[PDB]
Amino acid sequence: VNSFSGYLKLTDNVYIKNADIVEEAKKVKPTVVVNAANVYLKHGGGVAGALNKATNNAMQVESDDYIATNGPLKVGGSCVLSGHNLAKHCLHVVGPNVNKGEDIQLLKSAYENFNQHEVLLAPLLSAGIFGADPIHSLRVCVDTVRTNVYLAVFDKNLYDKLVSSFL
Ligand SMILES: CC1(C)CN(c2ncnc3[nH]c4ccccc4c23)C[C@@H](CC(=O)O)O1
């Protein structure tokens with residue numbers, strides 16, 4: 001039993017809710033919140049900008065030190081950093097950004113990072129400003145992630161479309 005509330009069950013291990021991931025993280029304080037990161041961990045907008053804003057820019061300060069030490073992530077890769085006031089840990093995952101021309105096949109590699117964590121609160125990777133089709137992202141999630149994932153979808157219209165079209 002866990003503290004996630006109000007989710008629709010899609011499969012054995014995937015759950016979905018119309019929610020603001022920042023507010024959901026603030027209430028649940030999950031072990032892991034996933035950020036929709038880029039390779040530079042520049043958290044300017046979308047999910048990343050909102051998560052970083054909620055940490056009062058502490059996420060960005062920590063991320064800048066990470067990059068200065070380690071260099072950029074790979075598209076499809078991830079790193080574990082602090083969850084600050086939102087979660088124990090933040091798993092920064094880089095899905096391909098279609099608006100930069102990155103290969104959508106890398107979306108499966110991106111979701112594979114979730115399998116290193118037993119339970120996660122997450123957005124749909126490569127959705128929103130990353131330019132991928134969220135219905136496709138949900139399909140890849142369900143077919144790739146085997147651990148327990150709680151997906152927060154900010155847009156109510158999109159949430160209803162994802163549910164109604166789910167196979
Ligand atoms: C993850 C998606 C697919 C969907 N959107 C969200 N996802 C998770 N929580 C969210 N709360 C919100 C509040 C207001 C507007 C959007 C959201 C939102 C953001 C979009 C931008 C991005 O690319 O990050 O991507």
# chains A, B, ... in the order shown; residues from 1 in each chain; ligands from 1

$ residues_around --residues "residue 107 (chain A)" --least-positions-apart "3" --cutoff "7 Å" --atoms "only C-alpha atoms" --output "compact mmCIF listing (two decimals) with C-alpha atoms, in the first residue's frame"
# COMPACT_ATOMS: atom_id res chain seq x y z
CA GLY A 76 17.88 8.66 -23.17
CA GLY A 95 13.64 12.02 -23.35
CA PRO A 96 14.25 12.96 -26.99
CA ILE A 104 12.04 9.07 -30.98
CA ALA A 110 14.61 7.02 -21.50
CA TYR A 111 11.79 5.04 -19.86

$ closest_atom_pairs --of "chain A" --to "ligand 1" --cutoff "8 Å" --atoms "only C-alpha atoms and all ligand atoms" --output "Markdown table"
| residue | atom | partner | partner_atom_place_in_ligand_line | distance |
| --- | --- | --- | --- | --- |
| A:19 | CA | ligand 1 | 9 (N) | 6.2 |
| A:20 | CA | ligand 1 | 11 (N) | 3.6 |
| A:21 | CA | ligand 1 | 9 (N) | 4.3 |
| A:22 | CA | ligand 1 | 11 (N) | 6.8 |
| A:36 | CA | ligand 1 | 24 (O) | 5.8 |
| A:45 | CA | ligand 1 | 24 (O) | 6.8 |
| A:46 | CA | ligand 1 | 24 (O) | 3.4 |
| A:47 | CA | ligand 1 | 24 (O) | 3.5 |
| A:48 | CA | ligand 1 | 24 (O) | 6.1 |
| A:49 | CA | ligand 1 | 24 (O) | 7.8 |
| A:50 | CA | ligand 1 | 11 (N) | 7.8 |
| A:122 | CA | ligand 1 | 8 (C) | 7.5 |
| A:123 | CA | ligand 1 | 1 (C) | 4.6 |
| A:124 | CA | ligand 1 | 3 (C) | 5.0 |
| A:125 | CA | ligand 1 | 1 (C) | 6.6 |
| A:126 | CA | ligand 1 | 23 (O) | 6.3 |
| A:127 | CA | ligand 1 | 3 (C) | 3.5 |
| A:128 | CA | ligand 1 | 25 (O) | 3.1 |
| A:129 | CA | ligand 1 | 23 (O) | 3.8 |
| A:130 | CA | ligand 1 | 23 (O) | 4.9 |
| A:131 | CA | ligand 1 | 23 (O) | 7.4 |
| A:134 | CA | ligand 1 | 3 (C) | 6.2 |
| A:151 | CA | ligand 1 | 8 (C) | 8.0 |
| A:152 | CA | ligand 1 | 8 (C) | 5.1 |
| A:153 | CA | ligand 1 | 8 (C) | 4.6 |
| A:154 | CA | ligand 1 | 18 (C) | 3.5 |
| A:155 | CA | ligand 1 | 16 (C) | 5.8 |

$ closest_residue --among "A:164, A:157, A:69, A:147" --to "residue 12 (chain A)" --atoms "only C-alpha atoms"
A:147

$ closest_residue --among "A:93, A:7, A:85, A:109" --to "residue 27 (chain A)" --atoms "only C-alpha atoms"
A:85

$ select_by_dssp --residues "region 4-101 of chain A" --states "strand (DSSP E or B)" --output "list in words"
residues 8, 9, 14, 15, 16, 17, 18, 32, 33, 34, 35, 36, 78, 79, 80, 81, 82, 89, 90, 91, 92 and 93 of chain A

$ write_last_selection --atoms "N, CA, C and O atoms" --output "PDB file, in the first residue's frame"
ATOM      1  N   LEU A   8      -6.282   6.450 -11.805  1.00  0.00           N
ATOM      2  CA  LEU A   8      -6.887   5.392 -12.595  1.00  0.00           C
ATOM      3  C   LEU A   8      -5.797   4.356 -12.888  1.00  0.00           C
ATOM      4  O   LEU A   8      -4.659   4.713 -13.218  1.00  0.00           O
ATOM      5  N   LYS A   9      -6.134   3.078 -12.727  1.00  0.00           N
ATOM      6  CA  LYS A   9      -5.196   1.991 -12.962  1.00  0.00           C
ATOM      7  C   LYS A   9      -5.247   1.619 -14.443  1.00  0.00           C
ATOM      8  O   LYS A   9      -6.306   1.221 -14.935  1.00  0.00           O
ATOM      9  N   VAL A  14       1.068   0.528 -13.969  1.00  0.00           N
ATOM     10  CA  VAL A  14       0.987   1.910 -14.431  1.00  0.00           C
ATOM     11  C   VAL A  14      -0.358   2.507 -14.032  1.00  0.00           C
ATOM     12  O   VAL A  14      -1.423   1.936 -14.312  1.00  0.00           O
ATOM     13  N   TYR A  15      -0.287   3.688 -13.422  1.00  0.00           N
ATOM     14  CA  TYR A  15      -1.421   4.450 -12.920  1.00  0.00           C
ATOM     15  C   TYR A  15      -1.343   5.868 -13.472  1.00  0.00           C
ATOM     16  O   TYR A  15      -0.252   6.356 -13.783  1.00  0.00           O
ATOM     17  N   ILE A  16      -2.483   6.540 -13.590  1.00  0.00           N
ATOM     18  CA  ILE A  16      -2.511   7.859 -14.220  1.00  0.00           C
ATOM     19  C   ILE A  16      -3.555   8.751 -13.558  1.00  0.00           C
ATOM     20  O   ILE A  16      -4.617   8.291 -13.129  1.00  0.00           O
ATOM     21  N   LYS A  17      -3.244  10.050 -13.491  1.00  0.00           N
ATOM     22  CA  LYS A  17      -4.085  11.034 -12.821  1.00  0.00           C
ATOM     23  C   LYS A  17      -3.937  12.385 -13.525  1.00  0.00           C
ATOM     24  O   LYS A  17      -2.860  12.730 -14.023  1.00  0.00           O
ATOM     25  N   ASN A  18      -5.029  13.141 -13.580  1.00  0.00           N
ATOM     26  CA  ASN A  18      -4.968  14.543 -13.989  1.00  0.00           C
ATOM     27  C   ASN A  18      -4.502  15.337 -12.782  1.00  0.00           C
ATOM     28  O   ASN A  18      -5.269  15.550 -11.842  1.00  0.00           O
ATOM     29  N   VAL A  32      10.747   9.041  -5.200  1.00  0.00           N
ATOM     30  CA  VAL A  32      11.312   9.503  -6.468  1.00  0.00           C
ATOM     31  C   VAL A  32      10.269  10.308  -7.235  1.00  0.00           C
ATOM     32  O   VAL A  32       9.176   9.799  -7.522  1.00  0.00           O
ATOM     33  N   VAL A  33      10.622  11.545  -7.604  1.00  0.00           N
ATOM     34  CA  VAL A  33       9.908  12.295  -8.630  1.00  0.00           C
ATOM     35  C   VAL A  33      10.800  12.364  -9.861  1.00  0.00           C
ATOM     36  O   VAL A  33      12.006  12.615  -9.750  1.00  0.00           O
ATOM     37  N   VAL A  34      10.212  12.135 -11.034  1.00  0.00           N
ATOM     38  CA  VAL A  34      10.937  12.220 -12.295  1.00  0.00           C
ATOM     39  C   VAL A  34      10.809  13.630 -12.858  1.00  0.00           C
ATOM     40  O   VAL A  34       9.703  14.185 -12.941  1.00  0.00           O
ATOM     41  N   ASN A  35      11.942  14.193 -13.274  1.00  0.00           N
ATOM     42  CA  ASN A  35      11.974  15.433 -14.027  1.00  0.00           C
ATOM     43  C   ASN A  35      12.158  15.144 -15.510  1.00  0.00           C
ATOM     44  O   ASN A  35      12.938  14.264 -15.899  1.00  0.00           O
ATOM     45  N   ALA A  36      11.435  15.910 -16.327  1.00  0.00           N
ATOM     46  CA  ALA A  36      11.591  15.949 -17.780  1.00  0.00           C
ATOM     47  C   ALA A  36      12.765  16.862 -18.118  1.00  0.00           C
ATOM     48  O   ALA A  36      12.604  18.029 -18.483  1.00  0.00           O
ATOM     49  N   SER A  78      19.957   9.485 -17.663  1.00  0.00           N
ATOM     50  CA  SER A  78      19.398  10.011 -16.432  1.00  0.00           C
ATOM     51  C   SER A  78      20.490  10.194 -15.391  1.00  0.00           C
ATOM     52  O   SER A  78      21.591   9.645 -15.504  1.00  0.00           O
ATOM     53  N   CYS A  79      20.148  10.951 -14.352  1.00  0.00           N
ATOM     54  CA  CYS A  79      20.937  10.988 -13.130  1.00  0.00           C
ATOM     55  C   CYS A  79      19.999  11.180 -11.947  1.00  0.00           C
ATOM     56  O   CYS A  79      18.903  11.729 -12.087  1.00  0.00           O
ATOM     57  N   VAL A  80      20.432  10.696 -10.788  1.00  0.00           N
ATOM     58  CA  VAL A  80      19.699  10.860  -9.538  1.00  0.00           C
ATOM     59  C   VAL A  80      20.308  12.012  -8.760  1.00  0.00           C
ATOM     60  O   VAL A  80      21.506  12.001  -8.453  1.00  0.00           O
ATOM     61  N   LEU A  81      19.489  12.996  -8.424  1.00  0.00           N
ATOM     62  CA  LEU A  81      19.892  14.118  -7.593  1.00  0.00           C
ATOM     63  C   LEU A  81      18.876  14.260  -6.464  1.00  0.00           C
ATOM     64  O   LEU A  81      17.956  13.446  -6.318  1.00  0.00           O
ATOM     65  N   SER A  82      19.066  15.281  -5.637  1.00  0.00           N
ATOM     66  CA  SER A  82      18.138  15.512  -4.540  1.00  0.00           C
ATOM     67  C   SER A  82      16.734  15.829  -5.044  1.00  0.00           C
ATOM     68  O   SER A  82      16.548  16.464  -6.081  1.00  0.00           O
ATOM     69  N   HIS A  89      14.301  11.935  -3.722  1.00  0.00           N
ATOM     70  CA  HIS A  89      15.192  11.994  -4.865  1.00  0.00           C
ATOM     71  C   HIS A  89      14.444  12.531  -6.072  1.00  0.00           C
ATOM     72  O   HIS A  89      13.234  12.328  -6.217  1.00  0.00           O
ATOM     73  N   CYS A  90      15.191  13.178  -6.962  1.00  0.00           N
ATOM     74  CA  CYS A  90      14.703  13.506  -8.295  1.00  0.00           C
ATOM     75  C   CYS A  90      15.512  12.716  -9.311  1.00  0.00           C
ATOM     76  O   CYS A  90      16.746  12.829  -9.355  1.00  0.00           O
ATOM     77  N   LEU A  91      14.817  11.908 -10.110  1.00  0.00           N
ATOM     78  CA  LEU A  91      15.415  11.221 -11.247  1.00  0.00           C
ATOM     79  C   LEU A  91      15.238  12.121 -12.467  1.00  0.00           C
ATOM     80  O   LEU A  91      14.122  12.266 -12.985  1.00  0.00           O
ATOM     81  N   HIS A  92      16.329  12.757 -12.896  1.00  0.00           N
ATOM     82  CA  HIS A  92      16.318  13.611 -14.080  1.00  0.00           C
ATOM     83  C   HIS A  92      16.487  12.707 -15.288  1.00  0.00           C
ATOM     84  O   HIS A  92      17.536  12.073 -15.434  1.00  0.00           O
ATOM     85  N   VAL A  93      15.465  12.612 -16.141  1.00  0.00           N
ATOM     86  CA  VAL A  93      15.480  11.725 -17.300  1.00  0.00           C
ATOM     87  C   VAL A  93      15.358  12.561 -18.560  1.00  0.00           C
ATOM     88  O   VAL A  93      14.468  13.415 -18.655  1.00  0.00           O
TER      89      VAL A  93
END

$ residues_around --residues "residue 64 (chain A)" --least-positions-apart "3" --cutoff "9 Å" --atoms "only C-alpha atoms" --output "list in words"
residues 40, 41, 42, 59, 60, 61, 67, 68 and 69 of chain A

$ write_last_selection --atoms "N, CA, C and O atoms" --output "PDB file, in the first residue's frame"
ATOM      1  N   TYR A  40      21.617  19.303 -20.460  1.00  0.00           N
ATOM      2  CA  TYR A  40      22.362  20.324 -19.725  1.00  0.00           C
ATOM      3  C   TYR A  40      21.784  20.573 -18.343  1.00  0.00           C
ATOM      4  O   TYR A  40      22.311  21.414 -17.603  1.00  0.00           O
ATOM      5  N   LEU A  41      20.702  19.877 -17.993  1.00  0.00           N
ATOM      6  CA  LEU A  41      19.959  20.132 -16.756  1.00  0.00           C
ATOM      7  C   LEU A  41      19.646  21.619 -16.583  1.00  0.00           C
ATOM      8  O   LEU A  41      19.722  22.168 -15.482  1.00  0.00           O
ATOM      9  N   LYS A  42      19.262  22.265 -17.684  1.00  0.00           N
ATOM     10  CA  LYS A  42      18.804  23.657 -17.672  1.00  0.00           C
ATOM     11  C   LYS A  42      17.284  23.630 -17.554  1.00  0.00           C
ATOM     12  O   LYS A  42      16.576  23.332 -18.517  1.00  0.00           O
ATOM     13  N   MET A  59      17.136  23.250  -7.130  1.00  0.00           N
ATOM     14  CA  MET A  59      17.374  22.207  -8.124  1.00  0.00           C
ATOM     15  C   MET A  59      18.376  22.671  -9.181  1.00  0.00           C
ATOM     16  O   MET A  59      19.289  21.926  -9.551  1.00  0.00           O
ATOM     17  N   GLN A  60      18.224  23.902  -9.679  1.00  0.00           N
ATOM     18  CA  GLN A  60      19.147  24.420 -10.690  1.00  0.00           C
ATOM     19  C   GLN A  60      20.564  24.566 -10.141  1.00  0.00           C
ATOM     20  O   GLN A  60      21.534  24.235 -10.829  1.00  0.00           O
ATOM     21  N   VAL A  61      20.705  25.066  -8.912  1.00  0.00           N
ATOM     22  CA  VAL A  61      22.033  25.226  -8.312  1.00  0.00           C
ATOM     23  C   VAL A  61      22.731  23.872  -8.203  1.00  0.00           C
ATOM     24  O   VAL A  61      23.904  23.720  -8.575  1.00  0.00           O
ATOM     25  N   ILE A  67      26.649  19.273 -13.565  1.00  0.00           N
ATOM     26  CA  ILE A  67      27.154  19.390 -14.935  1.00  0.00           C
ATOM     27  C   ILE A  67      28.611  19.838 -14.946  1.00  0.00           C
ATOM     28  O   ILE A  67      29.418  19.361 -15.754  1.00  0.00           O
ATOM     29  N   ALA A  68      28.970  20.768 -14.069  1.00  0.00           N
ATOM     30  CA  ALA A  68      30.357  21.222 -14.029  1.00  0.00           C
ATOM     31  C   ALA A  68      31.304  20.070 -13.713  1.00  0.00           C
ATOM     32  O   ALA A  68      32.432  20.040 -14.211  1.00  0.00           O
ATOM     33  N   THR A  69      30.856  19.102 -12.909  1.00  0.00           N
ATOM     34  CA  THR A  69      31.686  17.951 -12.558  1.00  0.00           C
ATOM     35  C   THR A  69      31.663  16.861 -13.622  1.00  0.00           C
ATOM     36  O   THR A  69      32.706  16.271 -13.933  1.00  0.00           O
TER      37      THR A  69
END

$ atom_distance --atom1 "CA of residue 75 (chain A)" --atom2 "CA of residue 100 (chain A)"
11.3 Å

$ closest_residue --among "A:97, A:31, A:56, A:165" --to "residue 117 (chain A)" --atoms "only C-alpha atoms"
A:31

$ select_by_dssp --residues "region 77-166 of chain A" --states "alpha helix (DSSP H)" --output "PyMOL selection string"
chain A and resi 106-112+134-144+156-164

$ atom_distance --atom1 "CA of residue 58 (chain A)" --atom2 "CA of residue 120 (chain A)"
21.0 Å

$ closest_residue --among "A:135, A:51, A:145, A:86" --to "residue 167 (chain A)" --atoms "only C-alpha atoms"
A:135

$ closest_residue --among "A:55, A:84, A:39, A:103" --to "residue 72 (chain A)" --atoms "only C-alpha atoms"
A:39

$ closest_atom_pairs --of "region 1-64 of chain A" --to "region 138-143 of chain A" --cutoff "9 Å" --atoms "only C-alpha atoms" --output "tab-separated table"
residue	atom	partner	partner_atom	distance
A:10	CA	A:142	CA	8.4
A:11	CA	A:142	CA	7.5
A:13	CA	A:142	CA	8.2
A:14	CA	A:142	CA	6.6

$ write_last_selection --atoms "C-alpha atoms" --output "JSON list (two decimals), in the first residue's frame"
[["chain", "number", "residue", "atom", "x", "y", "z"],
["A", 10, "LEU", "CA", -4.11, 1.35, -16.57],
["A", 11, "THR", "CA", -2.13, -1.88, -16.08],
["A", 13, "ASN", "CA", 2.02, -1.36, -12.71],
["A", 14, "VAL", "CA", 0.99, 1.91, -14.43]]
